[PDB]
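The chain below stands alone, shown as structure tokens; this is the form solved without the DNA.
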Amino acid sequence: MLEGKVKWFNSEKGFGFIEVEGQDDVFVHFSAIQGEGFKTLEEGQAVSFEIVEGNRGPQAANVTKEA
């Protein structure tokens, strides 16, 4: 998993960014958010996630808001 806080999120359009200490920002999309409840991140929350990449580039997965 990895630690991060979410840089900002567009609740409305559902994508945003998680900055990570040392590396560069990772893009989350609402569909990487695990849990149960409506899929949005408040800016500033402390997520643990995974980074996944293929041809569109690294992007966050398994974003557990904390659920």
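When you see a residue number, it is the position in the sequence shown, counting from 1.
Quick note: we don't show the form deposited with the DNA bound, though the next part is all about it.
J.: Which of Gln45, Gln59, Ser48, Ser11 has a heavy atom within 4.5 Å of the DNA in the entry with it bound?
T.: Selected residue: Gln59.
J.: Hey, with the DNA in the entry with it bound, do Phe15, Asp25 and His29 all fall inside the 4.5 Å heavy atom range?
T.: So, yes: the whole triplet contacts the DNA.
J.: Give a yes or no for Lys5: in the entry with it bound, does one of its heavy atoms lie within 4.5 Å of a heavy atom belonging to the DNA?
T.: It does not: once the DNA is placed as it appears in the entry with it bound, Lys5 has no heavy atom within 4.5 Å of it.
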